[PDB]
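Undergrad: Chains as they are written, first to last, in the deposited numbering: chain A, 78 to 423; chain B, 369 to 579; chain C, 107 to 316. Submitted below is the structure of interest, expressed as structure tokens.
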DNA sequence: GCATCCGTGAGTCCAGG
DNA sequence: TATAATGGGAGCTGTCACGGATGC
Ligand SMILES: [Mg+2]
């Protein structure tokens, strides 16, 4: 019922590796990687396509799916075709097919063996934005990189090299998802550095630091203004459903207006403006009203150049500019008289 | 063989080899089949009795199982195992929902409705209510399993800058984000061919995110 | 939503639909002639992880060998339930045993050589070859096998039985074979002239087992 | 046939903070 | 990028009462 207890059980199924069993699975993995390289040398097919085919038949038909790097869609038809053209090899070549299969199975068994290291490492990363189980699955991506990159020949135990890629993976996830508004990795590291700096400064000052103390202890290039802006960028969003009162009647969204959709006052004012603009445009002849309705864009939404208004009216650009002048002047006179439009200038 | 050549073991003269004091011993319910010529199945292939293992057709399969081509010992090992299709989760259940022929269940349960015991009548009526709801409706039972989870339009779950410049947001945003992260991580653990246990855990966690 | 609509249609109790949906039990869609505990696999039957892994990948088990103790059973060799796999390991299933990381590799090197012995005709048992352990000769009284070359002694000792090689100057000059029942009287690297005692044979001398 | 466990519901509006 | 590291931690304690689905 409790997902992490269930997953701790599934993990305690696979027993841990003896130094021999670990070195053996490691070695088989390295040699199967080698064998896929050799099988590409032999067949001239793409090493990644080769790897995905060997992997397909290892895991089973339960899982075959299109791979993004692969230039070909990986369905049972084409994996049967390529598995057949692989089985059509000489003994000393088809031997590399058997090698790759064994290497894939060693890979799965070594991963599933070291699945508990991931848990023991991610338990120290909770309360940092991400769920325990989210943290374990990122540690599992770390375990996968580490299996595919491990060199038994260096004589090091597996745990030592895996722990690096596991820590790497968990930290990249924490820095990549824990924020609703996502902030690049380098910037998150800068923010955290600034955190720890201010904490040192306060733990020695007996009080919080100002922007200036932090801009000093942070180093050159950093002025108080920059500390300020970096903080303003780090400011996480807050929930609309965060309550204000003991009762559930009170949310925080219930106080935020909507400044996008216009108010009925606003819309009505635009309507009265449109109508009064029409009323004062009609005192112009339809040519000068039309020249202005084009040169500003109250019709069709866009304003025209003088060449367009003159090639529409069949008149020179000086003449259409001139009847625009006189249209504007007659509108200014009508406005000095009736004063019907002043109230809309705000 | 060994890490560095100067520790390898080479045979100085002709002799047979004997292996004493092994680290541990592994009993496997399997079937052995030696070979001398070219072998025609690789490790990972599943084979039923009557299948061609090695040497052009001479040595063949006795038992139901899965192929382990031991090259050191020059023998094909077939480990007793069926090709059983047993699944987990909503992909399985969506299958079973697709495979439900409704009218045949309507018939089964109408027959059931004649039963003397009041209990079987009650349960077959209850079930028939669902079957006939889906029938009269036009609704495919598998629709109760989501493949494409829809996204509510942004304005009804907003990211709004309040007066102070700070941001308010809705909880549906953090829920959807959880969903996209677990879905993307799943797609990437699939492409990279991750083990079973891990894909199971990602699948479960993804269910709970949709929940 | 009780009573589950999905759980109603497919005749699955809430407990089971949870177990399949939240990944605690497998549900079968095509048994493919699978079997378990003798009963064959019926479609839509619910299987735990142990059960499904058994049917799908095969029962197996590894048992550890304490250090220094060898195997009672051989590699590749079929074993039965209950059969002890080592002086402290008893196997819980049947099938083929397999070795995991042998500690000691013993190579038996074959040697085909030519060696000479001298015996009183009375005691010899004439045969065209001599099987291992087969009697070679029966002597009535202690008889001193004697050197037939001058040289330095290379005394190579087997489990039972011995090889004396005399070598004048590095180059070998004689290879004498001393079978079971004949004690050498010389030490490695000894100098012997012709006719001095190499070995005393008493009673019967038979071929060694090796 | 009875307990037994499950989920679901439990008055209106108004102010603050 | 390489000593080696291999199964988590809370829980939260004083409603009340129904209906309706699930086990001896
Ligand atoms: Mg500074």
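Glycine included, every Cβ here is placed at the ideal spot set by N, Cα and C.
Below 7 Å CB to CB, which residues in the same chain sit around residue 133 of chain C once its five sequence neighbours on both sides are set aside?
TA: Here the set comprises 126, 150 and 152.
Undergrad: Exposed or buried, which one is residue 160 of chain A when buried takes at least 16 other CB atoms within 10 Å?
TA: By the neighbour-count rule (16 or more Cβ atoms within 10 Å), residue 160 of chain A is buried.
Undergrad: Does any CB atom of chain B fall closer than 8 Å to the CB of residue 114 of chain C?
TA: So yes, residue 114 of chain C belongs to the interface.
Undergrad: Distance, Cα to Cα, residue 381 of chain B vs residue 401 of chain B?
TA: For residue 381 of chain B and residue 401 of chain B, the distance between alpha carbons rounds to 30 Å.
Undergrad: My assumption, with CB atoms under 8 Å, is that residue 412 of chain B sits in contact with residue 178 of chain A. Please give the rounded CB distance.
TA: The pair is a contact, with the Cβ atoms about 5 Å apart (cut-off 8 Å).
Undergrad: Starting from the C-beta of residue 272 of chain C, find all residues in its chain whose C-beta is less than 6 Å away, skip the five residues before and the five after it, and write them out in chain order.
TA: Around residue 272 of chain C: 255, 257, 279 and 280.
Undergrad: Starting from residue 166 of chain C and walking both ways along the beta strand (DSSP E), at which residues does that stretch end?
TA: Here the beta strand (DSSP E) through residue 166 of chain C covers 166-170.
Undergrad: Skipping 5 residues on each side, what residues in its chain have a beta carbon closer than 7 Å to that of residue 186 of chain A?
TA: Excluding sequence neighbours, residue 186 of chain A sits near 102.
Undergrad: Check whether the Cβ of residue 204 of chain A lies closer than 7 Å to any heavy atom of ligand 1, and answer yes or no.
TA: No, Cβ of residue 204 of chain A sits at least 7 Å from all heavy atoms of ligand 1.
Undergrad: Evaluate residue 86 of chain A with the Cβ neighbour count: other Cβ atoms within 10 Å of its Cβ, from every protein chain shown; 16 or more gives buried, anything less gives exposed.
TA: That one is exposed.
Undergrad: So residue 227 of chain C packs on residue 307 of chain C, CB below 8 Å; how close in whole Å?
TA: Not a contact, Cβ separation roughly 14 Å.
Undergrad: Output the residue ranges of the alpha helix (DSSP H) runs that lie fully inside the region 317-378 of chain A and measure 4 residues or longer, sorted by chain position.
TA: If we require 4 residues or more, the alpha helix (DSSP H) runs fully inside the region 317-378 of chain A come out as 341-358 and 363-373.
Undergrad: State yes or no: is the beta carbon of residue 254 of chain A nearer than 8 Å to at least one beta carbon in chain C?
TA: False, the Cβ-Cβ gap to chain C never drops below 8 Å.
Undergrad: I'd like the list of long-range same chain contacts for residue 571 of chain B, defined as Cβ closer than 6 Å, with 5 residues on each side in sequence excluded.
TA: Closer than 6 Å at the Cβ level, and outside the excluded window around residue 571 of chain B, lie 457.
Undergrad: Give me, in chain order, the residues of the same chain whose beta-carbon lies closer than 7 Å to that of residue 529 of chain B; leave out the 5 immediate sequence neighbours on both sides.
TA: The answer, listed in chain order, is 535.
Undergrad: So which residues on chain C does residue 97 of chain A lean against when the C-beta distance must stay under 8 Å?
TA: What residue 97 of chain A touches in chain C: 206 and 207.
Undergrad: For the region 130-159 of chain C, which residues have a beta carbon sitting closer than 9 Å to at least one beta carbon of chain A?
TA: From the region 130-159 of chain C, only 130, 155, 156 and 159 have a Cβ closer than 9 Å to chain A.
Undergrad: Using a C-beta to C-beta distance shorter than 8 Å, which residues of chain C count as neighbours of residue 433 of chain B?
TA: Under the 8 Å cutoff, chain C gives 164.
Undergrad: Using C-beta distances below 7 Å, list every residue in its chain close to residue 230 of chain C, excluding the 5 sequence neighbours before and after it, in chain order.
TA: Only 243 meet the Cβ criterion.
Undergrad: Between B/539, B/373 and B/434, which lies nearest to residue 397 of chain B when the distance is taken from Cα to Cα?
TA: It is B/434.
Undergrad: Using C-beta distances below 6 Å, list every residue in its chain close to residue 183 of chain A, excluding the 5 sequence neighbours before and after it, in chain order.
TA: Around residue 183 of chain A: 102, 105 and 106.
Undergrad: Could you say which of A/213, A/221, A/205 and A/155 lies nearest to residue 181 of chain A if we only look at CA atoms?
TA: Residue A/221 is the option with its Cα nearest to residue 181 of chain A.
Undergrad: Taking only beta-carbon atoms, is residue 84 of chain A less than 8 Å away from chain B?
TA: Interface residue, yes.
Undergrad: At which residues does the alpha helix (DSSP H) containing residue 288 of chain A begin and terminate?
TA: Looking at the DSSP string, the run of the alpha helix (DSSP H) that includes residue 288 of chain A is 288-295.
Undergrad: Should the region 431-449 of chain B be regarded as contacting the region 156-167 of chain C, the criterion being three or more beta carbon pairs within less than 8 Å?
TA: Contact between the region 431-449 of chain B and the region 156-167 of chain C is present, because at least three Cβ pairs lie under 8 Å.
Undergrad: For residue 34 of chain A, which three-state DSSP category applies?
TA: Nothing about residue 34 of chain A can be reported from this structure: the residues present for chain A run from 78 to 423 only.
Undergrad: Measuring alpha carbon to alpha carbon, tell me which of B/395, B/567 and B/573 ends up nearest residue 204 of chain C.
TA: Ranking B/395, B/567 and B/573 by Cα distance to residue 204 of chain C puts B/395 first.
Undergrad: Can we count residue 292 of chain A as close to ligand 1, meaning its CB is less than 7 Å from some heavy atom?
TA: Indeed, a heavy atom of ligand 1 lies less than 7 Å from the Cβ.
Undergrad: Quick one: does the C-beta of residue 326 of chain A sit closer than 7 Å to a heavy atom of ligand 1?
TA: Residue 326 of chain A Cβ: outside cutoff for every heavy atom of ligand 1.
Undergrad: May I ask you to list, following chain order, the residues of the region 260-283 of chain C that have a beta carbon less than 9 Å from some beta carbon of chain B?
TA: Answer in chain order: no residues at all.
Undergrad: So with Cβ pairs under 8 Å, would you call residue 168 of chain C a contact of chain B?
TA: Yes, its Cβ sits closer than 8 Å to a Cβ of chain B.
Undergrad: Can you give me the C-alpha to C-alpha distance between residue 228 of chain A and residue 241 of chain A, rounded to a whole angstrom?
TA: Rounded to the nearest angstrom, the two C-alpha atoms are 14 Å apart.
Undergrad: How should residue 234 of chain C be labelled, buried or exposed, when 16 other C-beta atoms within 10 angstroms of its C-beta is the threshold for buried?
TA: Residue 234 of chain C is exposed by the Cβ-count criterion.
Undergrad: Unbroken alpha helix (DSSP H) runs of length 4 or more, entirely within the region 381-453 of chain B: which are they?
TA: The region 381-453 of chain B contains no whole alpha helix (DSSP H) run of 4 or more residues.
Undergrad: Going along the chain, which residues of its own chain have a beta-carbon closer than 6 Å to the beta-carbon of residue 288 of chain C, five neighbours each way excluded?
TA: Excluding positions up to five away in sequence, the list reads 305, 307 and 311.
Undergrad: State the Cα-Cα distance for the pair residue 233 of chain A and residue 239 of chain A, rounded to the nearest angstrom.
TA: Roughly 11 Å between the two C-alpha positions.
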